């Protein structure tokens, strides 16, 4: 029904409010792209690395990820195009697809710290220091 504005997942994006992060209200059927940091020749900045995960409320609050969690976005090519389209669909086409329900809250965070060495860190990171997290209040407002 509508393509929401894309979310650029990087430390210079102001949509992430201090402390609170980003809060959205997507509706079933909408789509949203999460775009990995990309540096080329007209985009100034240092390589930024992140693993982005869908997690539960508790994990978001504590900025932690369990080793059973699998990234929905693995930003490991700071020099290329890497993005993930979240489709707020009720039914997934496969085992790895996402499914959403109306009037349900979903969270996305990264406990990576932006550096190559902290890509796999499972606690803190930008979730904790820069509020780089997203709350999606599906089917609401």
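Numbering follows the first chain given and starts at 1.
- Mean CA temperature factor is higher for 66-74 when stretches 25-33 and 66-74 are set side by side in the entry.
- The PDB entry records a higher mean C-alpha B factor for 35-43 than for its counterpart among 35-43 and 49-57.
- Listed residues 122, 129, 20, 10 were ranked by CA B-factor as deposited; 122 comes out on top.
- Among the modelled residues of the chain, residue 83 sits in the lowest third by CA temperature factor in this PDB entry.
- For residue 98, the recorded CA B-factor ranks within the middle third of the chain. Only modelled residues enter the ranking.
- Split the chain's modelled residues into thirds by C-alpha temperature factor. Residue 138 is in the highest one.
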